Amino acid sequence: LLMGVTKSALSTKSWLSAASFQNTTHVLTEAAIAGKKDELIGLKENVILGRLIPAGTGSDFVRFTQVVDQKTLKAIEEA
Amino acid sequence: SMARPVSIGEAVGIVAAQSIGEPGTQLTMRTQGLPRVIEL
Amino acid sequence: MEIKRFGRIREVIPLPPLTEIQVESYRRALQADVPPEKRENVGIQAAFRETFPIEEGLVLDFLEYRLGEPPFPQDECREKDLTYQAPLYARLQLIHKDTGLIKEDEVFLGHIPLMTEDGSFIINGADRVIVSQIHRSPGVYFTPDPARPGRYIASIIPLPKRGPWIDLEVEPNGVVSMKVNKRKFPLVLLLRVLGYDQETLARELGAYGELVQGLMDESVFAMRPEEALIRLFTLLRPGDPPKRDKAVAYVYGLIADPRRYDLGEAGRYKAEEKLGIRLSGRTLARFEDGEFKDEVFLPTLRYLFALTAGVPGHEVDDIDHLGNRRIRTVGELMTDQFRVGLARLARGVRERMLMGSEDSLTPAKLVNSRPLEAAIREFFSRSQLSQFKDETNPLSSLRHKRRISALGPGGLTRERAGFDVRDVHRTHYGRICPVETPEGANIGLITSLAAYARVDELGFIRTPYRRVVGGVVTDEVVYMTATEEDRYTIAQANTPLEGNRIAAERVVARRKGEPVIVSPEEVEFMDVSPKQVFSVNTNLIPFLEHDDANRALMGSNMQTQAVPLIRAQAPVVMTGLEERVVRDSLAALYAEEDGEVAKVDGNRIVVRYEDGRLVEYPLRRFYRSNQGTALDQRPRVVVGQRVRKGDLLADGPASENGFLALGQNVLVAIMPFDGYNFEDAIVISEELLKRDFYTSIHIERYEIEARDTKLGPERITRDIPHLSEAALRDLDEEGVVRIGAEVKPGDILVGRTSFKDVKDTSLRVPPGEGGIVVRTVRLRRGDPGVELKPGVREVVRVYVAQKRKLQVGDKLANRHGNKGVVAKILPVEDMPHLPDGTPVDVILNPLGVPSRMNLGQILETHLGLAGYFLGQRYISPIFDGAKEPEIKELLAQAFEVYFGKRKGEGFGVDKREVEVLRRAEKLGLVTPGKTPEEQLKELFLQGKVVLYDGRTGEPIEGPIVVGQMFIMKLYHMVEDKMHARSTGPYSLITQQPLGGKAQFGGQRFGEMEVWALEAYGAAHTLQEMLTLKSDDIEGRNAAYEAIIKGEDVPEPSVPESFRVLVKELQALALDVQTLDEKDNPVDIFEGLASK
Amino acid sequence: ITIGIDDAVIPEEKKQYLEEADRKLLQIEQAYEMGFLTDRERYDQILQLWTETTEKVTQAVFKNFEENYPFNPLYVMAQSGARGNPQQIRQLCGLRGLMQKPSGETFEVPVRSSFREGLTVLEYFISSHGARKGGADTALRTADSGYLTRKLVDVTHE
Amino acid sequence: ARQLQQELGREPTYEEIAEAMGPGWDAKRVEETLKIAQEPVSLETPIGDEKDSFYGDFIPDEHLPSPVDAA
Amino acid sequence: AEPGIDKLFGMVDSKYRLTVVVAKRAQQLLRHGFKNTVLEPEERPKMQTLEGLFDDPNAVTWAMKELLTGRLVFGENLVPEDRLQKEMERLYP
Amino acid sequence: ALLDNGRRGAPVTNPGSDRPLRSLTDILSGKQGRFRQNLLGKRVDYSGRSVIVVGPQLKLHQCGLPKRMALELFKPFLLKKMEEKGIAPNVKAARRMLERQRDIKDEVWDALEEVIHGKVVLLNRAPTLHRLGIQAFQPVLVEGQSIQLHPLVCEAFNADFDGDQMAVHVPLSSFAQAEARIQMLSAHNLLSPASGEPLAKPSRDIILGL
Amino acid sequence: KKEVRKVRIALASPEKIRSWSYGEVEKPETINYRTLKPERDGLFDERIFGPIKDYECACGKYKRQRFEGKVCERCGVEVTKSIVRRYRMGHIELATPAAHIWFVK
DNA sequence: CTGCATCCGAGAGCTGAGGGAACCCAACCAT
DNA sequence: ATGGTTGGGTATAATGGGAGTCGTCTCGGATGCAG
Ligand SMILES: Nc1ncnc2c1ncn2[C@@H]1O[C@H](COP(=O)(O)OP(=O)(O)OP(=O)(O)OP(=O)(O)OC[C@H]2O[C@@H](n3cnc4c(N)ncnc43)[C@H](O)[C@@H]2O)[C@@H](O)[C@H]1O
Ligand SMILES: Nc1nc2c(ncn2[C@@H]2O[C@H](COP(=O)(O)CP(=O)(O)OP(=O)(O)O)[C@@H](O)[C@H]2O)c(=O)[nH]1
Ligand SMILES: [Mg+2]
Ligand SMILES: [Mg+2]
Ligand SMILES: [Mg+2]
Ligand SMILES: [Zn+2]
């Protein structure tokens, strides 16, 4: 299928971003009828909830990196 | 912006939207022009 | 200084009074000085004569009205926050048809605001201007069918809110149909109601073919007119019981009731001229002898059929034609609101007549005047067309009074209007300025009246033309509308003349806006002046013909924002309109009659006229305008001086010897300078600051109130706890700062204590403000003329003055659209200087010229150089003024002075000048083989001089354009804009920082700022912005505590706005629940909302 | 580097180019008085003639700058890319050219004056139509582009 | 008050209204009565021409402690 | 530009990982009062005021300098966080 | 009417006015609704605004910040630094001293200069059309009321000097400062993200001179 | 405090709405015209929505902390933080059922 | 019985700044 | 024990309302037309 940007954006899985975009009453009533769960995949939902966006320094690829010197690492190695 | 392979974690969707939208403001005149881009 | 003027065009008539569009309109609406027996049927008199008699029996009939004198003068109204108004009394009589008794009484109806001499109003102590509105004229129009070509739609349009628009259209099946109130139905039914037979219609519309066949319907005709009336009523009001008298009343009110339907005088005139018939009144039909009589419908249908049949002499209408658009001025809008109030008063009267005891009733007891006062107050306080008057300088007020708006109540919408209404129509020529308009989203919707234009009694703009007879231009001047203008061939005003005979074989002319070339015999009218094409603001730009229209727009708009200066000068190059502008703004003072001056003071001028009467004119001194600028009048006359009629007595703000003085004439060089004039920036010399150039005076008002509270009254006093005597030095014994004290941010202006046993609630100077306290005003309960709000015991106001010098970040502009912010202030020894030691004052970057194509500033600079060395000023009218050869001759004389001075003292040509002359010889600016003086003169005749660098002493490698330029300081001051906040007040609901510098607010981090933060991948910065700095209450408290304790800020939490969103979604009966990874509820409200 | 009025050099060829045009126009009128041309054909021929005259004037202006004043301020500004494009320079020096009515159709007479020579009142009013149309174009375009950008952000944000 | 204004040809003062009510009425009591008769205004009253500014946008919260106060 | 920014960008596979490492090292330096630094006493970042040169208070500059020296180890799942912090506290109270 | 006013029939209005009452649906939706006005965008603390002036003597990574603006923006840091020094006995005394303009001395400016050492601020010009509309700069304290901007970032900001104003924001924590210094530094953003061509490049007078 | 990972939206039953509410709003009164205090059973009642002042009941018997969760016998106001006035809901019991317009229009 | 075809109604149109109308009478809870 | 507040009562006859708005564009249900 091929649909314009408006209809593609309003048809997403996340009801928070679609509700904050446009046609709020329709999106909200459909999501409430369906009991939709928003999994917070995109950026708009995390911004709305005031969370750390899954991009840049908030990406799971890099945000669990640790840093340590050589002296502290050796002490833990002896332990 | 760095002339090197993109880093993992880059929000390329936002970058794409801004890249398309910036010139359209004022640069693209107004079937032809901005209406053509919007129609497409 | 001698003034020399160019130009060949002689103007037969002077400019009309520039504020007449307001003054004449309101005078005609009020008719205050016309005795009641000779008052016309316009204005509020028409409203009175229409609403009355209030028939019920009892009859209340209007006889006449009068207007009293204002209870308080203008300055008292300004000081006490009152409205400058006059009482309105109407004398009425109650008669009893059955009995006969007549009770006559004069009833007080309320107050009507009065326009001042300058053309503004004083509403609640504030100066206001009513903006004229442009809209579609009422009448009959015919337009092409958009859906299907070859068909036409007829429209009947009454005055706004005075009836429904009526559409007539030939349906594709052949039957004609009339649409009213969104109800399609066949017009033949209503035609039968009006009393038309088959033979009459057939003979009136037989010629035009099959349209009359498609009109025919035997079912409708067979019914008697009354039956047709009932049937039409049941089509128009489905469900409503079809009583005869009910249907009669409804249909009468639809098209035939003068109190409900009203084609205006303009609409009547336009219908009569379009249809070639005679109206009896202002309605589409008349109700006479229990029978409807037609007035407009059949002529409209005839014209429509003839147009559809292609009969010659029938054309469609251009709805943007200025003959089809009209202007509602202040008087008409006020009269419309007055009519609405009068209708509500009539309703109240009728109700009281029904319920009241008819035996003991008088006009006073029947009439409740509250609705009329409410309507007038609403119009003058909440109408979008009633605007806070712009009085930065007198030109600002003059411009504001001549403004025309397409927006407003009943007007167009800025988001839905597109291209059609915003375009410059051909008929705008001489009526609406094509240049002056806002640049943003309001472009083309707000415009200005042309300089010579006049709004006629019907609301149509007229422009003047000279009559030409047999190739001879006469002195007869005819003011014409666009429709009348369309019937002639009009020659341009710059047509060559010998005496008053057209001395040109080929004449450029306009025919219905189309340029044409005609012989002198074919000429019927000629333009009066180029000045008539543009507005007053655009008429003040010299060399306007050398400027692109966009930059002329910028210059015209930017002359309104010029700030009055304490050493303001008139421009070196003027257009010849500055004196009329100064005179017509009523800012300066002029001698009423021939006489002699007796007493002169900084606040008073007493003049002894030849009548022997002494007249004393007080002077307005250091008065705060609506925009904070100080407007004062300074005497320009001496004791014993002889003054003729109209001679200047005192200069107003931004005036120099009666000439408009919005800025300063400065020496400028056009050259780059170390990147400090990069991209519109401006470099200025410290010598400007040394001699108080571009120094302005500004006044700010700080207001406080002591009111009544449940815990005890507030009190303004000096006794304030918990402050040392260093903070209470300047307060007097009454708790108010003393006059003349200097105040800085944090200092107390008025002391106040509130019952907390009391606590400090004093008024202090906000950050970034302060100055010298110049005035204090105290208003207490009971004082004459004071009307405080209930509960407030007293109010104290303090006026504080500032003397602002030019600084980095201030905005300067010339009249050609060149604007820029001061970026660097250099000492005198660093500025480029002439070989005689004179430094320049301003350096402008040449890169601003080529793409803006405003060449008028360059010619202004050349003429300014010539005038600077010749010591004279110039008047150069637009499109007829100084040309290049004249400027070159003046520059030759100026060079003779500028160089003979040096040669007399015993100096030759400098070595640096020789090097520059060599460079210019290579550049091709001078001809090889001439002496150094001849090449220097050639450069001077090109407007260029050898310039030396103040930092090194070496000359600029090429000759540089140098000359005098008129530059104004703009109201955009960095002092009033710089603002910063760490923490402060928060909003009630969202718990987010407030907005605005006045509220000590924070900057808004909007959607695209968030988008940029996301595109950078700066997740932690964005999370900080969205929680720790806006609405995470615990988060922001902890962050501040950690920062002041030296630690790092903690992790953020859920923002309060999301909790507000959850609660508002619950109020809509929607269950929003936050879940963890195992789909179990997570309580974000910390157990404070769970039972 | 500075800008004077004489720095907007008017080429001599322009005068010739104008007379040549004033020649052919007469011819066109003849061809319309003898039935050989329709209204549409004559209108298009006049428009084409004036367009080619404008192009010739542009070429003459820049040839004069290249041959005689290679260090001219406007020429240097345009060639270095600092400020200005050839059309604006032609408007400053050669002639403004043809203008569009509010209906979108061209006028029959062009503006034969440059900004250095100074326009007449009628020519200024005629150009005001295009100036106003460009301003209104900008005003609507900015809003339409903002709305489009918001839609794109909403569709690609994830 | 409306009858007094009709008679006087101008807005009456509070003392005149107090005199016209009868015994047991002074200007202060009239002031209190006018004070308690004031009807609240809407937090959603539009300020300015554009549909972007409401009255409640200009009202600060005075209940919750500020970050400085909490510290 | 920041000194050695090209080297820092070349030391990691993703620039956001470099940002995360720098921020975490700055937090570590701030928490222990710059006593856990890997810089020699003559590589310490200095700041010039009227009284004289003192230590640079900006921990992010210290973190970038330390990353430049190459004496810091960074990666995924190097040491448990609790044990890491306890050991750091043991060496530097 | 309570749930969605102005949807079926004539909207409910308050007497004496034509203004429709604002229902919950009106609160939720629109440009002024909760989502677009308070959730996807907020007003923030530690921010300011001022007119911009050309900064030709600045380096690529530097911006000129007014002294008063900087004092207001970094106020808690300045209070802590004043506590560390002998300027004030306690934070409350430092705040009271900083409250009145005429009560400020000389050493507080040196303390402020020590406070901002190495830190960066965010400059932003509306409208923000691309990410380059926000950039990080090291502040140099200047006199006056105007922000000084480097000439080479004007094209990225679409900024000129005919009255333009810009907003200033302060990243607070170590993570925010690291992100601003590494990712959003002006000297680190030299090529266009849209085309890959240089975006900070000579223009106007620089091209003319060369 | 568990991390939030998903947000769900669904229809609310009358039982759910009644479990949300801390009491039924029975009167249209907002505040008293003399004392500017909330009216009992009104739209601002402290018995339903919570106290205006922190740790202080309506009648002033208790004005101190440690009484969290304790309801004053005379006035019926719980002793807790006043911030609960922006979280605690009420409800109106309709005499007849009404349709939610979102699902109609 | 299907299909397409106008027809109606519903939801949109950049950011930032600044902008403010009856009267009377008697019992009864609250303070 | 006082004022403030609240419930009840008035008897010729009365019997269906009233303001308003016509200068915007695009897209998805739906009733109407034909085959
Ligand atoms: N009801 C009514 N009746 C009559 N007239 C009415 C009216 N409503 C509106 N108007 C008209 O609206 C205009 C009011 O002026 P405004 O445009 O409101 O403001 P200004 O005083 O000109 O200041 P500004 O700072 O915008 O100036 P400039 O463009 O030089 O500033 C340059 C810089 O400012 C910034 N800027 C300007 N406009 C911007 C915008 N829209 N968005 C963002 N930034 C903007 C940019 O950084 C830019 O580079 C008048 O022409 C007036 O006639
Ligand atoms: N978001 C908006 N910004 C605007 C609007 N109007 C003006 N502006 C801003 O103000 C700027 C005004 O630009 P100017 O007209 O001065 C022209 P610019 O500097 O772009 O070009 P040159 O004249 O070629 O030097 C514009 O670029 C925007 O940054 C508007 O309606 N919306
Ligand atoms: Mg503007
Ligand atoms: Mg610019
Ligand atoms: Mg600008
Ligand atoms: Zn209690």
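So that the names make sense, note that chain A is the first sequence line, chain B the second, and so on, each numbered from 1.
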Indicate, with a heavy-atom threshold strictly under 4.0 Å, whether E:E50 touches base, sugar-phosphate, or nothing. base
Checking only heavy atoms, does the side chain of C:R416 share a donor-acceptor pair with the base of I:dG13 at less than 3.5 Å? yes
Taking donor-acceptor contacts at under 3.5 Å, does the side chain of C:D420 reach the base of J:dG23? no
Please determine if C:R136 forms a cation-pi arrangement with C:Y141, meaning its NZ or CZ atom is less than 6.0 Å from the six-membered ring centre and no more than 45° off the ring axis. yes
Phosphate contact (I:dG11 OP1 or OP2) by G:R7 side-chain N/O below 4.0 Å: yes
Does NZ or CZ of D:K151 come closer than 6.0 Å to the centre of the six-membered ring of D:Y147, within 45° of the ring's axis? yes
Applying the Watson-Crick and G-U wobble criteria at under 3.5 Å, what pairs with I:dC8? Answer none if nothing qualifies. J:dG28
If I compare all heavy atoms of G:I134 with all of C:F1005, which pair ends up nearest, and what's the gap? CD1-CZ, 4.0 Å
Can you find an N or O donor on one side and an acceptor on the other, under 3.5 Å apart, linking the side chain of C:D320 with the base of J:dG23? yes
Looking only at side-chain N and O atoms, does C:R347 come under 4.0 Å of OP1 or OP2 in I:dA21? no
Report which part of the nucleic acid D:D144 touches: base, sugar-phosphate, or nothing (heavy-atom distance under 4.0 Å, all strands). nothing
Considering every strand and a 4.0 Å limit on heavy-atom distances, what is the contact class for C:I157: base, sugar-phosphate, or nothing? nothing
Scan C:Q999 against the nucleic acid and name what it touches under 4.0 Å (heavy atoms): base, sugar-phosphate only, or nothing. base
Would you mind classifying the nucleic acid contact of C:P241 as base, sugar-phosphate or nothing, using non-hydrogen atoms under 4.0 angstrom? base
Stacking test, J:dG16 against J:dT15: centre separation of the six-membered rings below 5.5 Å and plane angle below 30 degrees, yes or no? no
Identity of whatever pairs with J:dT6 - Watson-Crick or G-U, under 3.5 angstrom: I:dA26
side-chain N/O C:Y250 vs J:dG17 OP1/OP2, d < 4.0 Å: no
Salt bridge check: are C:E1009 and C:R1004 linked by an N-O gap of less than 4.0 Å? no
Output the single nucleotide from J:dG20, I:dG11, I:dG18 whose closest atom is nearest the side chain of C:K997. I:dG18
Cationic N near anionic O, under 4.0 Å, C:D336 to C:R339: yes
Watson-Crick or G-U counterpart of J:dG18, or none if no pair lies under 3.5 Å: none
OP1 or OP2 of I:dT15 sitting under 4.0 Å from any side-chain N/O of G:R36? yes
Closer than 4.0 Å, any side-chain N/O of G:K31 to the OP1 or OP2 of I:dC14? yes
For the side chain of G:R49 and the base of I:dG18, is some donor closer than 3.5 Å to an acceptor across the two? no
Going by modelled atom types, is there a donor-acceptor pair between the base of J:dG20 and the side chain of C:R162 at under 3.5 Å? no
Could you tell me whether the phosphate oxygens of I:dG16, OP1 or OP2, come under 4.0 Å of any side-chain nitrogen or oxygen in C:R1004? yes
Heavy atoms under 4.0 Å, any strand shown: does C:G163 hit a base, just sugar-phosphate, or nothing? base
Counting the atoms with a prime plus P, OP1 and OP2 as sugar-phosphate, which does G:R43 contact under 4.0 Å by heavy atoms, base, sugar-phosphate, or nothing? sugar-phosphate
